[PDB]
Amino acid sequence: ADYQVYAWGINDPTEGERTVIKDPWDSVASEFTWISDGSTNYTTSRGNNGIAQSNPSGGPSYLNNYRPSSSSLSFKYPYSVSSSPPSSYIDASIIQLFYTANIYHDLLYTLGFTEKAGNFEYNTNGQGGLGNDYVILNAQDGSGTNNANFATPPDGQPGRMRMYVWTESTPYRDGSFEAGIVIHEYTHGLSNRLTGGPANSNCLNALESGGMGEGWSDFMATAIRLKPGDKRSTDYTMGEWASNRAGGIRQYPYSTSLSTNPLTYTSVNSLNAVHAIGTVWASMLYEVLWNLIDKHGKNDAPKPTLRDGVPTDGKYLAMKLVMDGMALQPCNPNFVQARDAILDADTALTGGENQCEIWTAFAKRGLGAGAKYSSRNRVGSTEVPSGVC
């Protein structure tokens, strides 16, 4: 099977060219490949991890909606950014969406988001958890523009991703081709499933909790798009291509410069909306990421190398610790608790060899040892505990 797509790690059409990729599934994570559910083989964007289709009406139907079919399993369809209307490359859009979501399923699987951990797969292959819950992947969904969204019911019910066309440019830009947005959406499924356990999807719904929900989503998109040549001084924006907006869609770029991005824990005291709060959390996580990369290096391969279950590099280590922290923390956690959960994840995974790197990053942005949660009067701290460094 061939997929003509922007390869994993290319955030948007401005950052690479499309290539033809053969059988891009992970043999462990996708036992039946991406185009089977174990019982049926498909010649389309349908299989164990997701079912992708157009949805021009914006309605709730999906099973019998349009998707391209190829008997030779050659999913190579025309695309150029200068094409109009978006519907003229709906095939390419559906395939790019399907590819990105399936690669992410596979990567998350490798990092521990398996069947028993509440993942999204139709057939659990007896591995635990609840099936019948692949991700519904709607390309060019007609229910909106200039956005995207993701529904995360409890384990056993499908996740539902709706991707929109953006209209802030001529021609319109199809979100299916911004990997970052697809990853942002899918990460809502990850964080909601892991937090409070697979059975409970109520657990990132409080204001500060849902804020972190947004932060984890931006963070994973950002970590994944890291490339050869990136440095601590490299900044990243969110949804800059799709939105046609300088600086992207968040208040500041993700940056290790406090002058470029001044956000700290107490910034949350003045925020009322989850995306703005998310930016603060993702900024803290960006500092963690770079401290871990400085110490352990960065693996530019699309899948980690694991040594006794531990990623060998700082990039995949950061992702792993973030996931493991989601599984440790309480339902509807605050920043301080989620931080402690990340620190405890490192204790459980490595015996605590990264406590200094993690603590220093959080302290840098005011979530140090003395930080205190409050609805309206959070206390910031730049303290790192005695003798961790």
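Throughout, we count residues from 1 along the sequence that is shown.
On average the C-alpha atoms of 34-42 have higher B-factors than those of the other stretch, with 34-42 and 331-339 being the two compared. Relative to its counterpart among 316-324 and 53-61, 53-61 has the higher mean temperature factor, C-alpha atoms as listed in the PDB entry.
In the PDB entry, the Cα temperature factor peaks, among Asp294, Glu178, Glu214, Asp133, at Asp294. Residue set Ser72, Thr100, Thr222, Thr266: peak C-alpha B-factor at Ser72 (per PDB entry).
The deposited CA B-factor of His275 belongs to the lowest third of values across its chain.
Looking at the C-alpha B-factors along this chain, the one for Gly366 belongs to the lowest third. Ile249 sits in the middle third of its chain by CA B factor, as recorded in the PDB entry.
In this PDB entry, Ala345 carries a Cα temperature factor that places it within the lowest third of its chain's modelled residues. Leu204: CA B factor lies in the lowest third for its chain, per the PDB record.
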